[PDB]
file work-v1.cif (mmCIF, C-alpha atoms and all ligand atoms)
data_my_file
loop_
_atom_site.label_atom_id
_atom_site.label_comp_id
_atom_site.auth_asym_id
_atom_site.auth_seq_id
_atom_site.Cartn_x
_atom_site.Cartn_y
_atom_site.Cartn_z
CA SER A 1 -85.69 -10.93 -4.77
CA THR A 2 -82.42 -10.25 -2.99
CA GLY A 3 -78.95 -11.78 -2.68
CA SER A 4 -76.21 -11.53 -0.08
CA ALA A 5 -72.69 -12.91 -0.40
CA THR A 6 -69.53 -12.59 1.63
CA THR A 7 -66.47 -11.14 -0.06
CA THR A 8 -63.02 -12.11 1.23
CA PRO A 9 -59.57 -10.52 0.74
CA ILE A 10 -57.28 -12.65 -1.42
CA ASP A 11 -54.23 -11.89 0.73
CA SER A 12 -53.00 -10.07 3.82
CA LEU A 13 -52.84 -6.71 1.99
CA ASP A 14 -56.42 -6.70 0.67
CA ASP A 15 -55.03 -6.62 -2.88
CA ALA A 16 -58.45 -7.74 -4.14
CA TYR A 17 -61.57 -9.45 -2.88
CA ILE A 18 -63.20 -12.68 -4.05
CA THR A 19 -66.86 -13.63 -3.84
CA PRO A 20 -68.22 -17.13 -4.51
CA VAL A 21 -70.50 -17.37 -7.54
CA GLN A 22 -72.56 -20.39 -8.64
CA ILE A 23 -72.52 -21.04 -12.39
CA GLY A 24 -74.40 -23.73 -14.27
CA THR A 25 -76.37 -26.85 -13.42
CA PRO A 26 -75.29 -28.56 -11.23
CA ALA A 27 -73.63 -25.51 -9.72
CA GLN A 28 -69.94 -24.89 -10.34
CA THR A 29 -68.70 -22.45 -7.70
CA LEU A 30 -65.98 -20.03 -8.80
CA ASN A 31 -64.46 -17.22 -6.76
CA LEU A 32 -64.83 -14.02 -8.77
CA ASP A 33 -63.48 -10.51 -8.36
CA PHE A 34 -66.52 -8.21 -8.30
CA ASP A 35 -65.47 -5.16 -10.31
CA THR A 36 -67.59 -2.03 -10.36
CA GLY A 37 -65.12 -0.64 -12.94
CA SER A 38 -65.85 -3.14 -15.71
CA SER A 39 -68.83 -4.91 -17.22
CA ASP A 40 -67.81 -8.43 -18.26
CA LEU A 41 -68.41 -11.63 -16.29
CA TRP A 42 -65.53 -13.83 -17.41
CA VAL A 43 -64.12 -17.04 -16.05
CA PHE A 44 -61.23 -19.42 -16.25
CA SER A 45 -62.63 -22.42 -18.06
CA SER A 46 -62.06 -25.78 -19.70
CA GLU A 47 -61.29 -23.72 -22.84
CA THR A 48 -58.46 -21.74 -21.24
CA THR A 49 -55.04 -22.48 -22.72
CA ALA A 50 -53.68 -25.14 -20.36
CA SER A 51 -50.32 -23.46 -19.74
CA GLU A 52 -52.19 -20.33 -18.61
CA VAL A 53 -54.09 -22.10 -15.81
CA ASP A 54 -52.25 -22.45 -12.47
CA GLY A 55 -54.46 -23.40 -9.54
CA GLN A 56 -57.66 -21.60 -10.55
CA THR A 57 -61.03 -23.31 -10.46
CA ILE A 58 -62.44 -23.59 -13.96
CA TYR A 59 -65.93 -23.46 -15.43
CA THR A 60 -66.66 -26.43 -17.70
CA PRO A 61 -69.71 -25.57 -19.81
CA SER A 62 -70.00 -29.14 -21.18
CA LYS A 63 -70.83 -30.31 -17.62
CA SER A 64 -73.66 -27.78 -17.25
CA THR A 65 -77.08 -28.84 -18.51
CA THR A 66 -78.16 -25.16 -18.74
CA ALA A 67 -75.09 -23.89 -20.66
CA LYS A 68 -75.60 -22.79 -24.27
CA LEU A 69 -72.94 -21.46 -26.63
CA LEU A 70 -73.75 -17.89 -27.62
CA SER A 71 -72.96 -18.51 -31.25
CA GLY A 72 -70.47 -16.15 -32.86
CA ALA A 73 -69.86 -14.11 -29.74
CA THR A 74 -66.33 -13.23 -28.64
CA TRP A 75 -64.88 -10.94 -26.01
CA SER A 76 -61.56 -9.29 -25.23
CA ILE A 77 -60.69 -6.94 -22.41
CA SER A 78 -57.68 -5.16 -21.00
CA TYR A 79 -57.36 -3.78 -17.47
CA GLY A 82 -51.49 -4.18 -18.49
CA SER A 83 -53.39 -7.44 -17.99
CA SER A 84 -55.93 -8.90 -20.41
CA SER A 85 -58.10 -11.86 -21.31
CA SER A 86 -60.29 -13.01 -24.19
CA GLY A 87 -62.46 -15.85 -25.42
CA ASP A 88 -65.96 -16.93 -26.38
CA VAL A 89 -69.34 -16.80 -24.63
CA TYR A 90 -71.96 -19.07 -23.12
CA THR A 91 -75.24 -18.25 -21.49
CA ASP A 92 -75.95 -20.06 -18.25
CA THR A 93 -77.61 -19.75 -14.86
CA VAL A 94 -75.62 -17.62 -12.41
CA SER A 95 -76.38 -17.18 -8.72
CA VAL A 96 -74.81 -14.82 -6.21
CA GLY A 97 -75.71 -15.18 -2.56
CA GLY A 98 -79.09 -16.73 -3.35
CA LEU A 99 -79.99 -14.36 -6.21
CA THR A 100 -80.35 -16.20 -9.53
CA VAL A 101 -80.17 -14.90 -13.09
CA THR A 102 -80.99 -17.21 -15.97
CA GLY A 103 -79.45 -16.59 -19.38
CA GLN A 104 -76.48 -14.65 -18.02
CA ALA A 105 -73.58 -14.18 -20.44
CA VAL A 106 -70.64 -16.14 -19.03
CA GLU A 107 -67.52 -15.21 -20.94
CA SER A 108 -65.20 -18.19 -21.16
CA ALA A 109 -61.51 -17.38 -21.34
CA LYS A 110 -59.45 -18.99 -24.07
CA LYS A 111 -56.48 -16.75 -23.17
CA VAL A 112 -55.47 -14.84 -20.05
CA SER A 113 -52.35 -12.73 -19.42
CA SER A 114 -49.60 -13.79 -17.03
CA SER A 115 -50.87 -11.73 -14.09
CA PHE A 116 -54.12 -13.69 -14.10
CA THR A 117 -52.34 -17.03 -14.41
CA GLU A 118 -50.04 -16.06 -11.55
CA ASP A 119 -52.93 -15.30 -9.21
CA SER A 120 -54.35 -18.65 -8.17
CA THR A 121 -57.02 -17.07 -5.97
CA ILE A 122 -59.06 -15.31 -8.68
CA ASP A 123 -61.15 -17.53 -10.96
CA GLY A 124 -62.52 -14.63 -13.02
CA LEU A 125 -64.26 -11.28 -12.86
CA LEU A 126 -67.85 -10.21 -12.35
CA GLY A 127 -68.36 -6.74 -13.78
CA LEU A 128 -70.75 -4.31 -12.10
CA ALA A 129 -70.18 -1.12 -14.10
CA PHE A 130 -72.74 -0.14 -16.76
CA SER A 131 -73.48 -2.61 -19.52
CA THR A 132 -72.36 -0.07 -22.13
CA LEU A 133 -68.77 -1.13 -21.28
CA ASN A 134 -69.39 -4.82 -21.94
CA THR A 135 -66.94 -6.08 -24.57
CA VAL A 136 -68.91 -8.94 -26.15
CA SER A 137 -69.09 -8.68 -29.94
CA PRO A 138 -71.11 -8.54 -32.12
CA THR A 139 -73.97 -8.41 -29.58
CA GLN A 140 -73.16 -6.56 -26.36
CA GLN A 141 -74.25 -8.36 -23.21
CA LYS A 142 -75.71 -7.21 -19.90
CA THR A 143 -74.09 -7.41 -16.49
CA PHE A 144 -75.39 -9.66 -13.74
CA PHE A 145 -76.83 -6.62 -11.97
CA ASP A 146 -78.49 -5.27 -15.13
CA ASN A 147 -80.13 -8.68 -15.71
CA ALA A 148 -81.25 -9.01 -12.08
CA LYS A 149 -82.40 -5.44 -11.59
CA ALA A 150 -86.06 -5.74 -12.56
CA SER A 151 -86.52 -8.67 -10.16
CA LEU A 152 -84.79 -7.06 -7.20
CA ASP A 153 -86.81 -5.65 -4.30
CA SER A 154 -84.95 -2.36 -4.94
CA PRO A 155 -82.68 -1.72 -7.96
CA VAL A 156 -79.46 -1.46 -5.93
CA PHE A 157 -76.43 -3.33 -4.77
CA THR A 158 -74.14 -2.46 -1.89
CA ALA A 159 -70.42 -2.97 -1.27
CA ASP A 160 -69.22 -3.33 2.30
CA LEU A 161 -65.56 -4.25 1.98
CA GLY A 162 -63.54 -5.19 5.04
CA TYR A 163 -60.13 -3.99 6.13
CA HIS A 164 -58.05 -7.17 6.50
CA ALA A 165 -61.37 -8.98 7.00
CA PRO A 166 -64.35 -10.32 5.06
CA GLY A 167 -67.22 -8.07 4.03
CA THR A 168 -70.43 -8.28 2.05
CA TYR A 169 -72.05 -7.62 -1.32
CA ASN A 170 -75.85 -7.31 -1.10
CA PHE A 171 -78.23 -7.14 -4.04
CA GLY A 172 -81.72 -5.69 -3.86
CA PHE A 173 -81.72 -4.20 -0.36
CA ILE A 174 -79.90 -1.86 1.98
CA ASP A 175 -78.89 -3.44 5.30
CA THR A 176 -79.57 -0.63 7.74
CA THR A 177 -77.57 -2.45 10.44
CA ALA A 178 -74.37 -2.36 8.35
CA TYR A 179 -73.50 1.34 8.71
CA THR A 180 -73.54 4.17 11.23
CA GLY A 181 -75.32 7.49 10.85
CA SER A 182 -76.96 8.25 7.52
CA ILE A 183 -76.18 7.46 3.89
CA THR A 184 -75.27 10.51 1.80
CA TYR A 185 -76.23 10.18 -1.84
CA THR A 186 -74.41 11.92 -4.66
CA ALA A 187 -74.91 12.28 -8.42
CA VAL A 188 -73.51 9.82 -10.95
CA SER A 189 -72.48 10.35 -14.57
CA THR A 190 -72.83 7.20 -16.67
CA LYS A 191 -71.31 8.87 -19.76
CA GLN A 192 -68.06 6.87 -19.54
CA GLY A 193 -69.82 3.67 -18.38
CA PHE A 194 -68.53 3.98 -14.82
CA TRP A 195 -70.02 4.83 -11.44
CA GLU A 196 -68.49 8.28 -11.85
CA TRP A 197 -69.13 10.93 -9.20
CA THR A 198 -67.60 14.11 -7.75
CA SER A 199 -66.09 14.22 -4.28
CA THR A 200 -66.37 17.57 -2.54
CA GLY A 201 -62.80 17.61 -1.19
CA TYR A 202 -60.34 16.13 1.24
CA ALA A 203 -58.35 16.43 4.44
CA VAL A 204 -55.05 14.93 5.53
CA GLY A 205 -54.92 13.65 9.11
CA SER A 206 -56.30 16.21 11.54
CA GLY A 207 -55.84 18.98 8.97
CA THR A 208 -58.43 21.39 7.66
CA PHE A 209 -60.79 20.21 4.95
CA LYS A 210 -60.02 21.49 1.45
CA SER A 211 -63.18 22.11 -0.56
CA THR A 212 -62.45 21.09 -4.12
CA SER A 213 -64.26 19.01 -6.74
CA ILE A 214 -62.63 15.67 -7.51
CA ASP A 215 -64.28 13.67 -10.27
CA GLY A 216 -63.63 9.94 -10.06
CA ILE A 217 -65.01 6.44 -10.21
CA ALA A 218 -66.20 4.13 -7.44
CA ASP A 219 -64.20 1.04 -8.37
CA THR A 220 -64.16 -2.13 -6.29
CA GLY A 221 -61.82 -3.70 -8.86
CA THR A 222 -58.94 -1.28 -8.23
CA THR A 223 -56.86 -1.84 -5.08
CA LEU A 224 -55.64 1.69 -4.35
CA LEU A 225 -56.89 5.26 -4.17
CA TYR A 226 -55.71 7.26 -7.22
CA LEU A 227 -56.11 11.04 -6.92
CA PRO A 228 -54.68 14.22 -8.48
CA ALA A 229 -50.96 14.76 -7.97
CA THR A 230 -51.58 17.89 -5.89
CA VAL A 231 -53.75 15.97 -3.39
CA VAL A 232 -51.39 13.00 -3.23
CA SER A 233 -48.35 15.26 -2.67
CA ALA A 234 -50.18 17.00 0.18
CA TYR A 235 -50.86 13.62 1.80
CA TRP A 236 -47.34 12.19 1.55
CA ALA A 237 -45.74 15.46 2.68
CA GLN A 238 -47.11 14.58 6.12
CA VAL A 239 -45.09 11.34 6.26
CA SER A 240 -41.40 11.68 7.17
CA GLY A 241 -39.22 10.19 4.48
CA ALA A 242 -42.02 9.48 1.99
CA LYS A 243 -41.13 10.06 -1.64
CA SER A 244 -42.26 9.25 -5.13
CA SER A 245 -40.04 6.56 -6.60
CA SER A 246 -40.00 6.23 -10.39
CA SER A 247 -38.17 2.90 -10.05
CA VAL A 248 -40.82 1.38 -7.76
CA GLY A 249 -43.70 3.12 -9.58
CA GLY A 250 -45.23 5.37 -6.97
CA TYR A 251 -45.04 6.80 -3.48
CA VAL A 252 -43.13 4.77 -0.94
CA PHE A 253 -42.61 5.48 2.73
CA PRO A 254 -40.53 4.15 5.62
CA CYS A 255 -42.18 1.07 7.06
CA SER A 256 -41.45 2.57 10.50
CA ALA A 257 -43.96 5.39 9.84
CA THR A 258 -47.31 5.96 11.43
CA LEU A 259 -49.56 7.05 8.54
CA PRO A 260 -52.11 9.86 8.88
CA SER A 261 -55.73 9.30 7.96
CA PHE A 262 -57.21 10.65 4.74
CA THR A 263 -60.72 12.10 4.58
CA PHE A 264 -62.80 12.51 1.41
CA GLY A 265 -66.01 14.47 1.00
CA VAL A 266 -69.34 13.12 -0.16
CA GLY A 267 -71.54 16.20 -0.37
CA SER A 268 -71.46 17.71 3.11
CA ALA A 269 -70.51 14.32 4.60
CA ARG A 270 -67.03 12.96 5.27
CA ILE A 271 -65.52 9.48 4.99
CA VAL A 272 -62.35 8.90 6.99
CA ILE A 273 -59.80 6.38 5.75
CA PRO A 274 -57.62 5.33 8.70
CA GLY A 275 -53.89 5.58 8.17
CA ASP A 276 -53.45 1.83 8.47
CA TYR A 277 -55.61 1.31 5.37
CA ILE A 278 -52.99 3.21 3.35
CA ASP A 279 -50.13 0.77 4.16
CA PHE A 280 -49.45 -1.79 1.41
CA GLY A 281 -46.40 -3.23 3.05
CA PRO A 282 -42.81 -3.80 1.97
CA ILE A 283 -42.08 -3.11 -1.70
CA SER A 284 -40.26 -6.47 -1.81
CA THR A 285 -39.95 -9.14 0.85
CA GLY A 286 -37.84 -7.93 3.78
CA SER A 287 -37.62 -4.32 2.61
CA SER A 288 -38.06 -1.43 5.03
CA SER A 289 -39.57 0.66 2.22
CA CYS A 290 -43.37 0.33 2.14
CA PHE A 291 -45.76 0.97 -0.74
CA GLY A 292 -48.38 3.68 -0.35
CA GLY A 293 -52.09 3.14 -0.75
CA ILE A 294 -52.75 6.65 -2.09
CA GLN A 295 -51.12 7.23 -5.48
CA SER A 296 -51.26 9.80 -8.25
CA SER A 297 -53.82 9.39 -11.02
CA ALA A 298 -51.71 11.50 -13.37
CA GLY A 299 -51.28 9.49 -16.54
CA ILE A 300 -54.40 7.38 -15.92
CA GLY A 301 -56.84 10.03 -17.14
CA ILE A 302 -59.36 9.52 -14.34
CA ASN A 303 -59.33 9.49 -10.53
CA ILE A 304 -60.15 6.13 -8.97
CA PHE A 305 -61.79 5.59 -5.60
CA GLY A 306 -60.59 2.01 -5.29
CA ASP A 307 -60.72 -0.42 -2.40
CA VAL A 308 -58.61 1.76 -0.07
CA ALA A 309 -61.38 4.37 -0.12
CA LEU A 310 -64.40 2.12 -0.52
CA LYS A 311 -63.49 -0.19 2.36
CA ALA A 312 -63.80 2.80 4.73
CA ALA A 313 -67.49 3.11 3.79
CA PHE A 314 -70.76 1.33 3.24
CA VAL A 315 -71.38 2.07 -0.44
CA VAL A 316 -74.71 2.01 -2.26
CA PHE A 317 -74.71 1.54 -6.02
CA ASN A 318 -78.19 2.78 -6.87
CA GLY A 319 -79.24 1.56 -10.30
CA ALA A 320 -82.55 3.37 -10.46
CA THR A 321 -83.49 5.11 -13.72
CA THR A 322 -81.21 7.96 -12.69
CA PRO A 323 -78.34 6.17 -10.95
CA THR A 324 -76.70 7.60 -7.82
CA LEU A 325 -74.07 6.56 -5.27
CA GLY A 326 -74.50 6.50 -1.52
CA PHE A 327 -71.78 6.55 1.13
CA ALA A 328 -72.07 5.96 4.86
CA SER A 329 -69.52 5.59 7.62
CA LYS A 330 -69.45 2.20 9.37
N1 LIG A 401 -61.81 -1.59 -12.58
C1 LIG A 401 -61.41 -1.66 -13.82
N2 LIG A 401 -61.59 -2.75 -14.52
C2 LIG A 401 -60.77 -0.49 -14.45
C3 LIG A 401 -59.76 -0.64 -15.38
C4 LIG A 401 -59.19 0.46 -15.99
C5 LIG A 401 -59.63 1.75 -15.68
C6 LIG A 401 -59.06 2.94 -16.37
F1 LIG A 401 -58.12 2.63 -17.24
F2 LIG A 401 -59.97 3.64 -17.03
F3 LIG A 401 -58.50 3.76 -15.53
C7 LIG A 401 -60.63 1.90 -14.73
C8 LIG A 401 -61.20 0.79 -14.12
#
call {"tool": "encode", "arguments": {"input": "work-v1.cif", "output": "structure tokens", "more": "lines below"}}
Ligand SMILES: N=C(N)c1ccc(C(F)(F)F)cc1
result
Amino acid sequence: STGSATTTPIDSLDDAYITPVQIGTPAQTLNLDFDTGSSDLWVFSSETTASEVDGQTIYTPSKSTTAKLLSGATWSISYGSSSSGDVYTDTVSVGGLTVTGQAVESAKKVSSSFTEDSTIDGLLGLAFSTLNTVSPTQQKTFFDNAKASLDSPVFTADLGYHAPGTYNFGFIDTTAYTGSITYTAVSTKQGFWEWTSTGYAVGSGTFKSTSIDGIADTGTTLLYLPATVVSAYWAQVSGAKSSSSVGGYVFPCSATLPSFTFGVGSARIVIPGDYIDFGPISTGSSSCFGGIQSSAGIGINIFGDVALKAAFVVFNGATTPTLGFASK
């Protein structure tokens, strides 16, 4: 089997992407944030504290003939945002690919940032199932459940810049990228799609060969890299500075940003400068927020949407997982 679904930015900055997901019988379609950095499929629901729902579409398990309470199971996750609740199993379909008996984690509580974002009805985790938070019986991700049935045990992320893109399951669309896909090793020890970039360049500058361990994370907006790398980038933008009050690098909105290149083995992925602009820090400001930020304090580097959207990315879930990157 295969599936293919379009993923759409939630706003004009590409702060996140939503993908329609069919849950239950008859189908209830919710728009979920596909997150390769976590492993829970959770939804706003009829059980969510009423004051914490503001415009989201909810899953109502009592209206699904295939829903079954997973007795005794609870979940709780943090991302400063958080959510928690209980668990059903139900039929879940993404882009024509159906999994029966998928754990659908129903939110009883969500933090303010979720409530405040009307466009995201929940999360669909695509990291390794070892990170799943359901207790006392850990549950599998949608991909883990589907894998055996897929034509090939892979999914791909093809995120758009200020435009829709695609998540495919079970096949690689050879028309969706240019050149070849370069594959690179993955460590699953922390539960993430963790890999090592071979270095970087800023603008038209020379490539610096240096190992940068990090995660391929569709659920993080920005590109978080070591302070040395990030300083080298922003030093090429007149007037850019790190602002403790704002919480990262800002730059004059009048700037033209340089590109940023990262290495995948001997291959190179170029992030255009425009992708690194996250717009005014507050409405009407001439100070703009940067899309490349320091990972110092996080504990891990994060190749979030800013980086991933510049590539066609293969999440290869074969017995020894790997990641593939192509230009597009
Ligand atoms: N995409 C996510 N859900 C996510 C959240 C937190 C981290 C960490 F704290 F480890 F940095 C990494 C990834």
call {"tool": "closest_residue", "arguments": {"input": "work-v1.cif", "among": "A:273, A:225, A:231, A:300", "to": "ligand LIG 401 (chain A)", "atoms": "only C-alpha atoms and all ligand atoms"}}
result
A:300
call {"tool": "closest_residue", "arguments": {"input": "work-v1.cif", "among": "A:22, A:329, A:100, A:28", "to": "residue 179 of chain A", "atoms": "only C-alpha atoms"}}
result
A:329
call {"tool": "residues_near_point", "arguments": {"input": "work-v1.cif", "point": "(-58.4, -6.0, 4.0)", "cutoff": "8 Å", "atoms": "only C-alpha atoms", "output": "compact mmCIF listing (two decimals) with C-alpha atoms, in the coordinates of the input"}}
result
# COMPACT_ATOMS: atom_id res chain seq x y z
CA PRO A 9 -59.57 -10.52 0.74
CA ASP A 11 -54.23 -11.89 0.73
CA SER A 12 -53.00 -10.07 3.82
CA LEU A 13 -52.84 -6.71 1.99
CA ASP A 14 -56.42 -6.70 0.67
CA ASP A 15 -55.03 -6.62 -2.88
CA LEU A 161 -65.56 -4.25 1.98
CA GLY A 162 -63.54 -5.19 5.04
CA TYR A 163 -60.13 -3.99 6.13
CA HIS A 164 -58.05 -7.17 6.50
CA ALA A 165 -61.37 -8.98 7.00
CA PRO A 166 -64.35 -10.32 5.06
CA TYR A 277 -55.61 1.31 5.37
CA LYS A 311 -63.49 -0.19 2.36
call {"tool": "residues_near_point", "arguments": {"input": "work-v1.cif", "point": "(-53.6, 7.0, -8.5)", "cutoff": "9 Å", "atoms": "all atoms listed in the file", "output": "ChimeraX atom specification"}}
result
/A:224-229,232,250,293-300,302-305
call {"tool": "residues_near_ligand", "arguments": {"input": "work-v1.cif", "ligand": "ligand LIG 401 (chain A)", "cutoff": "7 Å", "atoms": "only C-alpha atoms and all ligand atoms", "output": "ChimeraX atom specification"}}
result
/A:35-38,79,219-222,300-302
call {"tool": "closest_residue", "arguments": {"input": "work-v1.cif", "among": "A:70, A:319, A:262, A:43", "to": "residue 146 of chain A", "atoms": "only C-alpha atoms"}}
result
A:319
call {"tool": "atom_distance", "arguments": {"input": "work-v1.cif", "atom1": "atom CA of residue 209 of chain A", "atom2": "atom CA of residue 267 of chain A"}}
result
12.6 Å
call {"tool": "closest_residue", "arguments": {"input": "work-v1.cif", "among": "A:50, A:159, A:214, A:152", "to": "residue 112 of chain A", "atoms": "only C-alpha atoms"}}
result
A:50
call {"tool": "closest_residue", "arguments": {"input": "work-v1.cif", "among": "A:264, A:34, A:171, A:145", "to": "residue 123 of chain A", "atoms": "all atoms listed in the file"}}
result
A:34
call {"tool": "atom_distance", "arguments": {"input": "work-v1.cif", "atom1": "atom CA of residue 21 of chain A", "atom2": "atom CA of residue 3 of chain A"}}
result
11.2 Å
call {"tool": "residues_around", "arguments": {"input": "work-v1.cif", "residues": "residue 29 of chain A", "least_positions_apart": "2", "cutoff": "9 Å", "atoms": "only C-alpha atoms", "output": "list in words"}}
result
residues 20, 21, 22, 23, 24, 27, 31, 57, 58 and 59 of chain A
call {"tool": "atom_distance", "arguments": {"input": "work-v1.cif", "atom1": "atom CA of residue 87 of chain A", "atom2": "atom CA of residue 19 of chain A"}}
result
22.1 Å
call {"tool": "closest_residue", "arguments": {"input": "work-v1.cif", "among": "A:282, A:326, A:274, A:138", "to": "residue 195 of chain A", "atoms": "only C-alpha atoms"}}
result
A:326
call {"tool": "residues_around", "arguments": {"input": "work-v1.cif", "residues": "residue 192 of chain A", "least_positions_apart": "4", "cutoff": "9 Å", "atoms": "all atoms listed in the file", "output": "PDB file with C-alpha atoms, in the frame of the given file"}}
result
ATOM      1  CA  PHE A 130     -72.740  -0.140 -16.760  1.00  0.00           C
ATOM      2  CA  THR A 132     -72.360  -0.070 -22.130  1.00  0.00           C
ATOM      3  CA  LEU A 133     -68.770  -1.130 -21.280  1.00  0.00           C
ATOM      4  CA  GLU A 196     -68.490   8.280 -11.850  1.00  0.00           C
TER       5      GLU A 196
END
call {"tool": "build_atoms", "arguments": {"input": "work-v1.cif", "residues": "segment 120-141 of chain A", "atoms": "N, CA and C atoms", "output": "compact mmCIF listing (two decimals), in the frame of the given file"}}
result
# COMPACT_ATOMS: atom_id res chain seq x y z
N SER A 120 -53.55 -17.43 -8.29
CA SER A 120 -54.35 -18.65 -8.17
C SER A 120 -55.69 -18.42 -7.49
N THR A 121 -55.84 -17.29 -6.80
CA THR A 121 -57.02 -17.07 -5.97
C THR A 121 -58.22 -16.49 -6.70
N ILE A 122 -58.01 -15.96 -7.91
CA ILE A 122 -59.06 -15.31 -8.68
C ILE A 122 -59.43 -16.16 -9.89
N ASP A 123 -60.67 -16.64 -9.90
CA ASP A 123 -61.15 -17.53 -10.96
C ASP A 123 -61.82 -16.77 -12.10
N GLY A 124 -61.90 -15.44 -12.00
CA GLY A 124 -62.52 -14.63 -13.02
C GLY A 124 -63.03 -13.35 -12.41
N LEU A 125 -63.74 -12.58 -13.23
CA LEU A 125 -64.26 -11.28 -12.86
C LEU A 125 -65.77 -11.27 -13.02
N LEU A 126 -66.44 -10.50 -12.18
CA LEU A 126 -67.85 -10.21 -12.35
C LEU A 126 -68.03 -8.69 -12.39
N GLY A 127 -68.27 -8.17 -13.59
CA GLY A 127 -68.36 -6.74 -13.78
C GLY A 127 -69.69 -6.16 -13.32
N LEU A 128 -69.61 -4.99 -12.68
CA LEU A 128 -70.75 -4.31 -12.10
C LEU A 128 -70.80 -2.83 -12.47
N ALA A 129 -70.01 -2.43 -13.47
CA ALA A 129 -70.18 -1.12 -14.10
C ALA A 129 -71.38 -1.20 -15.07
N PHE A 130 -71.57 -0.18 -15.89
CA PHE A 130 -72.74 -0.14 -16.76
C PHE A 130 -72.52 -1.01 -17.98
N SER A 131 -73.60 -1.61 -18.46
CA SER A 131 -73.48 -2.61 -19.52
C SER A 131 -72.94 -2.04 -20.83
N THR A 132 -72.97 -0.72 -20.98
CA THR A 132 -72.36 -0.07 -22.13
C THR A 132 -70.85 -0.33 -22.28
N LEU A 133 -70.19 -0.76 -21.21
CA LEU A 133 -68.77 -1.13 -21.28
C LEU A 133 -68.53 -2.60 -21.61
N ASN A 134 -69.58 -3.40 -21.70
CA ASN A 134 -69.39 -4.82 -21.94
C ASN A 134 -68.72 -5.05 -23.30
N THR A 135 -67.74 -5.96 -23.36
CA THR A 135 -66.94 -6.08 -24.57
C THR A 135 -67.41 -7.15 -25.56
N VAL A 136 -68.49 -7.86 -25.27
CA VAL A 136 -68.91 -8.94 -26.15
C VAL A 136 -69.33 -8.38 -27.51
N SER A 137 -68.83 -9.04 -28.56
CA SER A 137 -69.09 -8.68 -29.94
C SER A 137 -69.59 -9.94 -30.67
N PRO A 138 -70.54 -9.79 -31.60
CA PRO A 138 -71.11 -8.54 -32.12
C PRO A 138 -72.34 -8.03 -31.36
N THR A 139 -72.78 -8.77 -30.34
CA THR A 139 -73.97 -8.41 -29.58
C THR A 139 -73.55 -8.17 -28.14
N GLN A 140 -73.55 -6.91 -27.72
CA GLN A 140 -73.16 -6.56 -26.36
C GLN A 140 -74.09 -7.22 -25.36
N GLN A 141 -73.52 -7.65 -24.24
CA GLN A 141 -74.25 -8.36 -23.21
C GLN A 141 -74.41 -7.53 -21.94
